[PDB]
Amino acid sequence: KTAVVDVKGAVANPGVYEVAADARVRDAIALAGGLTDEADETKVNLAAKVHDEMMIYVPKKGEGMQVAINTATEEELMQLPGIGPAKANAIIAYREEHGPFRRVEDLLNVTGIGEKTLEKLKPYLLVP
C-alpha cells in the first residue's frame, strides 16, 4: 500500500520519496517542498493518483520552446507567430544596429512589431 515516486523537475527538493498509494500528485509535490519560481503548474495534473515506480516531472515555463531573440536566426525568429521574413529580418537588423534587447518591451522599438504584435509573442521569448 506504499509507493516510491521520483518527484523531479521544477520542485523545491527533487528526490525519490515514499508515500501512500492513495496519495495524489499534489501531495508528492507538497512533500517535495512546492514549486520553484520557474515551474509551470499549468501542465501538471495535481489530482492524478500516485502509483509505485511513478515519475512526476514538473516542467518550467518554456519547455525549450523559447527563442532567444538576441542570439536567434531568421529561421528561428520567423518560427513564432506573426514574425515572417521582413519582420524577422528587422528584429535582426535592430539587434546589430542599436544593440541587443534588454527586456521584452524593447521589441516595440522595431519597425513592424507594435503593441498588438508583442502581446501574441511574450510567452515564447527569452530576453537575456
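Each residue number is its position in the shown sequence, starting from 1.
Visitor: Look at the stretch from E63 to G64 and count the residues of the deposited sequence that the entry does not model, then pick none, 1 to 3, 4 to 9, or 10 or more.
Guide: Going from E63 to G64, the model skips 10 or more residues of the deposited sequence.
Visitor: If you average the CA temperature factors as listed in the entry, which stretch comes out higher, 29 to 37 or 86 to 94?
Guide: Here the higher of the two C-alpha B-factor means belongs to 86 to 94.
Visitor: Comparing 105 to 113 with 16 to 24, where is the mean C-alpha B-factor higher?
Guide: Result: 105 to 113.
Visitor: For the listed residues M55, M78, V50, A47, which one has the largest C-alpha B-factor as given in the deposited model?
Guide: By C-alpha B-factor in the record, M78 ranks first.
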